[PDB]
Each structure stands twice: as structure tokens, then as C-alpha cells.
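Residues 2 to 57 in PDB author numbering are what the sequence shown spells out, letter by letter. Using N, Cα and C, we set each Cβ at its ideal position, and we do this for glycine too. Below is one structure, written out as C-alpha cells; the observations come after it.
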Amino acid sequence: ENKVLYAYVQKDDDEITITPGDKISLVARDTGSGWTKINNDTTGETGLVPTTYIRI
Ligand SMILES: [Mg+2]
């Protein structure tokens with residue numbers, strides 16, 4: 002299953018918070034920015050997180 006490995010707190014409007022154990026789903030893979038767009042179904046939010054912090 003998809004995983005949050007490392008916690009990240011939102012820092013700009015396009016980002017979202019993730020914490021280990023949250024249920025996530027992919028929106029769009031990183032194209033070279035270092036960020037992946039996801040949904041966090043635990044929190045209900047959608048946006049960018051650092052790619053290395055998750056496994057999708
Ligand atoms: Mg912005």
C-alpha cells in the first residue's frame with residue numbers, strides 16, 4: 002500500500018501536510034521539481050508534498 006514515510010507540514014498554499022500512517026493517493030508524479038501531487042484521504046486535502054517523503 003501507499004505510505005507516508007516522513008512527516009511534512011504545509012508551507013505554501015499548494016502544499017499539504019502528511020504524517021506517517023495517513024492514507025494517501027496519487028494525483029500526478031514528480032516531473033523533476035522534487036514534489037509529487039497527492040490526496041491525503043486521512044485529512045481530506047490535496048496538494049504537493051516532497052517526493053522522497055512518500056511511497057506511491
Ligand atoms: Mg502558490
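The criterion of a C-beta distance shorter than 7 Å is not satisfied by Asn41 and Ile55. A direct Cα-Cα distance of roughly 7 Å separates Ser26 from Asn3. Ranked by how close their Cα comes to the Cα of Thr47, the residues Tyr7, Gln11, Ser34 have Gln11 in first place. At least 7 Å separates the beta-carbon of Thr53 from that of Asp31. Comparing alpha carbon positions, the residue from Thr44, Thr37, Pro21 closest to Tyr7 is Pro21. Assignment of beta-bridge partners to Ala29 by DSSP yields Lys38.
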